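Just one chain is shown here, as structure tokens, and it is the form deposited in one PDB entry.
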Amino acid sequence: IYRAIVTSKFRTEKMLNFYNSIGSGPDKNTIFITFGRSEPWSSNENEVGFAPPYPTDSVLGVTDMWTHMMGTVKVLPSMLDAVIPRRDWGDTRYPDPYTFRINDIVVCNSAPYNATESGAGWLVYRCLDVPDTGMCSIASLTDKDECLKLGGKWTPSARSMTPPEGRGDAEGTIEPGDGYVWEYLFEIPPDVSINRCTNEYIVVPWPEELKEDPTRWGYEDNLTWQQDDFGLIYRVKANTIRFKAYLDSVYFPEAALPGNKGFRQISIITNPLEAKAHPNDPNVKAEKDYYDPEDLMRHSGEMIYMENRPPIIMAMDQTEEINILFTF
């Protein structure tokens, strides 16, 4: 018998494969987000706390989605962000605002309780070491080094005195002198932090963004690329993609008339086909930016995600943001 494991990096690998499957240039895939269902779920749908039934993963579910479909929009690479959980140093809204463990990924310079450098965006660090005092996950072990050696996890008893600042050593090492050791990872520009990071997630730049513009992400001093080729997403174990997609009513004016009832569904379909003159004609992949559902081969493509929701009213010359989370 064998002892095999898929590493955490395979999750990142899967996420990156999906992201790289789309785009410009060669033989790449095309993915669409769809919206539909004007017909009310029931007389309830408008009252507070209403929740529609879950979508059904079946042939019938896909068919019903197409029947209610009102529009489709091409998903661009730019609408996809790799994200990881957000942990702000010193945020007293949540537990352990000043206490961390080795490998924790923390944010600084994102708020007053965190400010370290005007003129820099949010600064992200990884905890390399903690104070010798504390306890182990495997209770019996009272020595930090022994705890870690045996695969235990060490919770320090002494808090981080000040937020890590700067980029640190040539290797990015930072020693505040409070027993904690930190490693500088990267910087998040304001356009990203303001518009794409949330209370729960921070964006980690894709490898191509890092090769293209390292200073934008305060990564010009990084040396780890000599081995990891800008795979910051792997280093921080990013495995979730967050969509910042937009449904612009200017391309579907009949779906945003004054007084409309709104839409209730969203779906993602990979590689749908354009409509045909005769069903036996050649398959042509849908590559245009948007399609009235009538202009696509009904039920073509593969529906990988489905979502039912209370009704949202689209307004002309206005856009609606759709956010989706894919975990790999």
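The term rigid core refers to the maximal set of C-alpha atoms that superpose within 1.5 Å between the two forms. When you see a residue number, it is the position in the sequence shown, counting from 1.
FYI, the form deposited in another entry isn't displayed, but the following is about it.
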After aligning the rigid core, which of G151, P190, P112, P85 is the one whose Cα travels 2 Å or more between this form and the one not shown? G151
If the two forms are fitted on the core, does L141 show a Cα displacement reaching 2 angstroms between this form and the one not shown? yes
When the rigid core is used for the superposition, does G23 move between this form and the one not shown (threshold: C-alpha shift of 2 Å or more)? yes
Look at the CA atoms of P282 and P26: state whether they lie closer or farther apart in the other entry than in this form, given a difference of 3 Å or more. closer
Closer or farther apart in the other entry, the C-alpha atoms of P214 and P26, for a change of 3 Å or more? farther
